[PDB]
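S.K.: Experimental structure and sequence below.
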Amino acid sequence: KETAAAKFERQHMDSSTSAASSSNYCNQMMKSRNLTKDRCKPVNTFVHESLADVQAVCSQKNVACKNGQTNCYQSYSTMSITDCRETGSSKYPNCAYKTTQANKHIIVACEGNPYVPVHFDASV
Ligand SMILES: [Cl-]
Ligand SMILES: [Cl-]
Ligand SMILES: [Cl-]
Ligand code: NA
């Protein structure tokens with residue numbers, strides 16, 4: 001039974017690469033992080049920064065989350081991210097994703113002690 005912090009790491013952290021360099025990145029990563037077991041997760045963002053740099057966002061700019069909660073934080077600097085989105089032809093179990101690499105600010109919701117990211121809200 002995964003903790004919220006561990007689920008965030010599994011779904012969103014990829015410090016092993018600086019950026020997605022292939023159109024197939026999302027297909028491979030969505031599968032290896034077990035996000036296509038039982039259903040295709042329709043949208044997911046991976047962050048290519050160190051875990052410490054992403055945890056540090058919980059001490060940066062406090063902003064509202066999309067849902068109206070006030071425990072969201074926007075990174076002061078841009079970060080390397082990859083957006084993974086199902087294509088229109090995708091359907092379980094042959095999940096298919098479009099890979100879009102970008103450099104953007106990230107917005108995360110933080111909770112707990114230690115106070116760490118538990119939800120990826122958006123990128124700007
Ligand atoms: Cl897993
Ligand atoms: Cl996401
Ligand atoms: Cl402020
Ligand atoms: Na947690």
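M.R.: Sure, I can see it. Residues are numbered from 1 along each chain as shown. Ligands and ions are numbered 1, 2, ... in the order given.
S.K.: Could you double-check that residue 83 sits in contact with residue 102?
M.R.: Yes - between residue 83 and residue 102 there is a contact under C-beta atoms under 8 Å: 6.8 Å. Yep, even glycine has a C-beta here, placed from its N, CA and C like the rest.
S.K.: Name all residues that sit in contact with these two at the same time.
M.R.: residue 123 (C-beta atoms under 8 Å, 6 or more residues apart in numbering).
S.K.: of these two, who's got more company?
M.R.: Between residue 83 and residue 102, counting by other C-beta atoms under 10 Å, residue 83 is the more crowded of the two (18 against 14).
S.K.: which stretch of helix or strand covers that one?
M.R.: strand 79-86 (DSSP states H and E).
S.K.: So in that sheet, which strands flank that strand, and in what orientation?
M.R.: Using DSSP bridges, the strands paired with strand 79-86 in its sheet are strand 43-47 (antiparallel), strand 97-104 (antiparallel).
S.K.: In a markdown table: those strands, plus distance to residue 56.
M.R.: What follows is the strands paired with strand 79-86, written out as a markdown table (distance: least, C-beta to C-beta, whole Å):
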| stretch | distance to residue 56 |
| --- | --- |
| strand 43-47 | 12 |
| strand 97-104 | 17 |
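S.K.: would you list those in JSON lines and tack on distance to ligand 2?
M.R.: Shown next, in JSON lines, are the strands paired with strand 79-86 (distance: least, C-beta to the ion, whole Å):
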{"stretch": "strand 43-47", "distance to ligand 2": "4"}
{"stretch": "strand 97-104", "distance to ligand 2": "12"}
